[PDB]
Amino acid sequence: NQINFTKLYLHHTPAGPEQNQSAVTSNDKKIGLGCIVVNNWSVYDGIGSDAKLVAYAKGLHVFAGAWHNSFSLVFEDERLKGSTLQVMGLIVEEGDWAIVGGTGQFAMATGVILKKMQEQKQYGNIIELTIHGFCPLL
């Protein structure tokens, strides 16, 4: 039994008037790593001007040749308020992420999250999320 999730759309905005992340450390010129970025990525349930906010991706990603992410996917949805998905994995725009756990309605969750670039804007981009999660809450 797989959780029937809709495709989510993460707004990754590094700069601009709607910037939702910030770098707190920089990369060492000798090694080429070390940059840490704290992010509060907004996550919508769809595309378009009437898409509503349903979750936040609150955490950080560090650059060590590739970006290693660690964030809580906390749901602002009315029915799923409080429940979170715990995500850890490599790369922001493409690749996969691991569902290492969850809380509330998604307690003891496990699965993966597929990422796909959908739109590149001037100060950010939108990343499509496909969640293949499983919950033994039964």
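Throughout, we count residues from 1 along the sequence that is shown.
A.B. asks: If you average the CA temperature factors over each stretch, which comes out higher, 76-84 or 102-110?
C.D. replies: Comparing averages over the C-alpha atoms only gives 76-84.
A.B. asks: For the stretches 29-37 and 53-61, which has the higher mean C-alpha B-factor as given in the deposited record?
C.D. replies: According to the PDB entry, the answer is 29-37.
A.B. asks: By its CA B factor, does residue 121 count among the lowest, middle or highest third of the modelled residues in the chain?
C.D. replies: Within its chain, residue 121 is a highest-third residue by C-alpha B-factor, going by the deposited values.
A.B. asks: Among the modelled residues of its chain, does the C-alpha B-factor of residue 15 lie in the lowest, middle or highest third?
C.D. replies: Residue 15: CA B-factor falls in the highest third of its chain.
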